[PDB]
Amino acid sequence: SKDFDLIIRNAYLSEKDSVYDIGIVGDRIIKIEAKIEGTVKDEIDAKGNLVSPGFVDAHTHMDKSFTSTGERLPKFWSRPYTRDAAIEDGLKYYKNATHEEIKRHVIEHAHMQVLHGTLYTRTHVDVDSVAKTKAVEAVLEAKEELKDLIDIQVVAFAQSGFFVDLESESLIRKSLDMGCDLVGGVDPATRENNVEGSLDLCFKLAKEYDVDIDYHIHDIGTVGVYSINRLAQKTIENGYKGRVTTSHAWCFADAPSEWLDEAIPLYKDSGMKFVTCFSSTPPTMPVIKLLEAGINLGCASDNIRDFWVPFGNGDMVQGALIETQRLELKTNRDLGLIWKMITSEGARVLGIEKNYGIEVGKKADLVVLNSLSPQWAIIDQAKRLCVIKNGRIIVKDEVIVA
């Protein structure tokens, strides 16, 4: 009987630089107008504040999150981080971890994300000889139970290395067969000790299940740049343009700048996408340079409260503040670039850009903020007012009401 299922009144829209009413029917934005007349079931008044599309946390580890919790001090952080140690910690952990513990962590992680207005995430999940597909199974189960809260892509993740743990290949195939959405490895050079082999193997598996690729490349300096360049060239050779993401690419921060300058056309040609996580972005990462060159660069938590990262609130607005401090940004323009990173850049990384944004016909997945603008939100860190997924209110005043 009624003209709109939901109307958000008085919404400041950063892309249009003005205040509008937003009219929603079902899971779709139907109308954006200075003032909407018509009958409506439910309304939310944004009161002139910013309303944003849902945030995108383009790289998480939901499977092993919150494992540092339960004592006065974070567990595991009596010692400094190294990749190989954190790998051994993970193999020890998954020996006895239960399906229910892992599913609980994934749900807790998702709840924390959605409370902060993240509506889309791409999680990695550990696949190795100890975890087997136990973690994958729990993640895919949770995913299904969370589908009214948050959209999740799952990367089948060969955390130990295809050429280090030889069971990885069979187990990743199974993980893909089970329904993982992407495949990925780690450090073709310093973990695998076999750049060409590891990358070729990832493409073989990807192609078998017709999935996209998200690769963890931590390696610094010229060995990092070399490894991403090999990845990018293989992307072209395999007919995989636009289907490959490189996570981290810390090497862009310490390799000679001329190495990045030479590789940019290759990245554009291959449609290589990137993710920088705010838990590790190097201070001298050329974020603004990448963005100005037209490179797709999303943003993410990475791990939350585990034996890799003790931090994490699953909050992209807090992450955006963290980036501005890491990178030493202040201008309104630069804060605006960070805001695109946690929104529309992420959407592009995830491949959802056609249905993402506050425009007519797009999905009604939205966050009403308590701040005036992207810049003021990053600065003031005000809590979210309301979160809307599939045109239904799922968070109101710091509670999940879905």
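Don't overthink the numbering: it's just position in the shown sequence, from 1.
- Between the stretches 338-346 and 31-39, it is 31-39 that shows the larger average CA temperature factor.
- 264-272 and 195-203 differ in mean CA B-factor, and the higher of the two is recorded for 264-272.
- Residue set 145, 212, 328, 219: peak C-alpha B-factor at 145 (per PDB entry).
- When the C-alpha B factors of 306, 187, 100, 108 are read from the deposited coordinates, the top value falls at 100.
- Ranked against the other modelled residues of its chain, the C-alpha B-factor of residue 64 as given in the entry falls in the middle third.
- Looking at the C-alpha B-factors along this chain, the one for residue 371 belongs to the highest third.
- Annotation for residue 378: CA B-factor lies in the lowest third of the chain's modelled residues.
- Compared with the other modelled residues of the chain, the Cα B-factor recorded for residue 279 ranks in the lowest third.
- When all modelled residues of the chain are sorted by CA temperature factor, residue 80 is found within the highest third.
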